[PDB]
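Take a look at the structure set out below.
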Amino acid sequence: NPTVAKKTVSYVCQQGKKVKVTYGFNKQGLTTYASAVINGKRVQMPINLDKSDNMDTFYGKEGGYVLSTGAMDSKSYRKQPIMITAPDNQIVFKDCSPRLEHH
Ligand code: NA
């Protein structure tokens, strides 16, 4: 198993939507998957190495839910805004930033 740690981020999205996403991480601090409960079911989206590059990271298969964001690693992951697209190509969580909890 290359996943050795997992970390969770809470987001606030447009249209008052909220989503919590758990990311798996390997020993190098890269990510291995994104997971979120979507319509009361957990959806597991492995990192898509066909689509991901130096600028953009994508999780999920073609035909499924896809999380898209910027560069993701153990340094960056809690600062990156995300979006989640449904299998039918509708954006179901839009313009999601990680929540400020600072006093
Ligand atoms: Na993030």
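For the sequence shown, the deposited numbering assigns the number 5 to the initial residue and increments by one for each residue that follows.
Where a beta carbon is used, it is the ideal one built from N, C-alpha and C, also for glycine.
- At least one heavy atom of the ligand NA sits closer than 7 Å to the Cβ of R82.
- For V13, the CB falls within less than 7 Å of some heavy atom of the ligand NA.
- Looking at the backbone, the Cα of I51 and that of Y27 are separated by about 10 Å.
- Under DSSP, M49 takes part in a beta bridge, and its partners are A38.
- By the neighbour-count definition (other C-beta atoms within 10 Å, threshold 16), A38 is a buried residue.
- With contacts defined by Cβ atoms closer than 8 Å, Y69 and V47 form a contacting pair.
- Less than 8 Å divides the Cβ of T7 from the Cβ of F29.
- Between the ligand NA and the CB of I88, the shortest heavy atom gap is not smaller than 7 Å.
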